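Here is how the chains run, residue by residue.
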Amino acid sequence: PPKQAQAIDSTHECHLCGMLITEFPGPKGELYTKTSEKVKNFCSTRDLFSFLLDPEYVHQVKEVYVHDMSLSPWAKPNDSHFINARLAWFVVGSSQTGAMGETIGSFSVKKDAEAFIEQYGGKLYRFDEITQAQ
Ligand SMILES: [Cu+]
Ligand SMILES: [Zn+2]
């Protein structure tokens, strides 16, 4: 039984960097580790990937969720539309920023990610192709 994404409220702080999450724009992230039933919330897809690619945690991470920017506006992502990050399309290197500056756009629809790149630049990636280089 997969653990489910949860709403992010105004008091939630990023698991990596401690900043308040919902003040800032850009897709946010959540994930669970095998060891804890409490979801870990992140201020940005940037910090989500930084955490889950860290060798200390890479094997502990099970469920990973990101806002679907096919459905939610960039400035105010909506917690009703979390998608499975492992099946999403990602845009790295666009001009659009999140809570930590540069960030990773996340979409359910490949053509939406491609149109995003047409507008704002960047490159298209699947979950597995995102490494510590990016
Ligand atoms: Cu931050
Ligand atoms: Zn953060």
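Residues numbered from 1 in each chain as written, not as in the entry; some residues may be left out. Chains lettered and ligands numbered in written order. Heavy atoms only, no water.

In the PDB archive, X-ray crystallography is given as the structure determination method for this entry, at a resolution of 1.8500 Å.

Brief notes about the coordination of the copper ion (ligand 1)
In plain terms, the rule: The rule for donors is simple: an N, O or S atom within 2.8 Å of the metal counts, and for Na, K and Ca the reach is 3.2 Å. Water is not among the atoms, so a site may look short of donors. Here a strand is any run of E in DSSP of at least two residues, a helix any run of H or I of at least four, and the numbering for each starts at the N terminus.
The copper ion (ligand 1) binds to the protein through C17 (SG), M19 (SD) and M100 (SD); the donor distances cover 2.3 to 2.4 Å. Mapping the donors of the copper ion (ligand 1) onto the primary sequence yields the spacing C-x1-M-x80-M. Between the copper ion (ligand 1) and the zinc ion (ligand 2), a separation of 3.6 Å is found, and both are coordinated by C17. Of this pair, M19 sits in the segment before β1 (29-33) while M100 sits in the loop between β5 (89-98) and β6 (101-107), placing them 81 residues apart in sequence.

Quick word on the UniProt feature "binding site: Cu(+)" (unreviewed entry) in the protein chain
Applied cut-off: UniProt positions are given in the numbering used here, feature names are shortened, and annotations may be inferred rather than shown by experiment. Here's how the labels work: a residue is buried when its accessible area is under 20% of the maximum for its type, exposed when over 50%, partly exposed in between, all with a 1.4 Å probe on protein chains only. Whether two residues are in contact is decided by their heavy atoms, any of which lying within 4.5 Å being enough.
The UniProt entry lists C17, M19 and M100 under the feature "binding site: Cu(+)" (unreviewed entry), expressed in the numbering used here. A stretch of 84 residues holds the annotated residues, and the largest C-alpha distance among them is 9.5 Å, short enough that they meet in one place. Here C17 lies in the segment before β1. Among the residues examined, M100 registers a relative accessible area of 33% and is labelled partly exposed. Beyond its immediate stretch of four places on either side in the chain, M100 contacts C17, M19, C43, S44, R46 and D47.

Considering the pattern of salt bridges
We apply this condition: When a carboxyl oxygen of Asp or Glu lies within 4 Å of a side-chain nitrogen of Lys or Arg, that pair is called a salt bridge.
Under the definition given, this model contains 2 salt bridges. A salt bridge links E37 to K3; the shortest N-O distance between them is 3.1 Å. In this pair, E37 is assigned in the loop between β1 and β2 (40-42) and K3 in the segment before β1, connecting sequence segments 34 residues apart. The closest approach of N and O atoms between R46 and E102, which form a salt bridge, is 3.0 Å. With a gap of 56 residues between them, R46 in helix α1 (residues 45-53) and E102 in strand β6 connect regions that are remote in the sequence. Taking relative accessible area as the criterion, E102 reaches 54% and is therefore assigned exposed.

Notes on the sheet that holds β1
The criterion, for reference: Two strands form a pair only when DSSP identifies at least two bridges running between them. Only the stretch in contact is used when a helix axis is fitted, and all axes are lines through C-alpha atoms; the angle between N-to-C directions ranges over 0 to 180 degrees.
Read from one edge to the other, the open sheet built from 4 strands follows the order β2-β1-β3-β4, with strand pairing classed as antiparallel. Sheet topology places β2 and β4 (82-84) at the edges, where each strand pairs with a single neighbour. This sheet shows a mean twist of 25° between the axes of neighbouring strands, independent of strand direction. Contacting β1, β2 and β3 (61-67), α1 crosses the sheet at an angle of about 170° to β3.

Let's talk about the side chain of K3
Classification of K3 as buried rests on a relative accessible area of 18%. With residues up to four places along the chain from it excluded, the contact list for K3 reads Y32, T33, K34, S36, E37, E63 and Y65.

Description of the UniProt feature "binding site: Zn(2+)" (unreviewed entry) in the protein chain
In the UniProt entry, the feature "binding site: Zn(2+)" (unreviewed entry) is given for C14, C17, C43 and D47. On the basis of their most widely separated C-alpha atoms, the annotated residues across 34 residues gather in one place, lying no more than 8.2 Å apart. Its place among the elements puts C14 in the segment before β1. With sequence-adjacent residues up to four places away left out, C14 is seen in contact with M19, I21, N41, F42, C43 and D47. Note on placement: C43 falls in the loop between β2 and α1.

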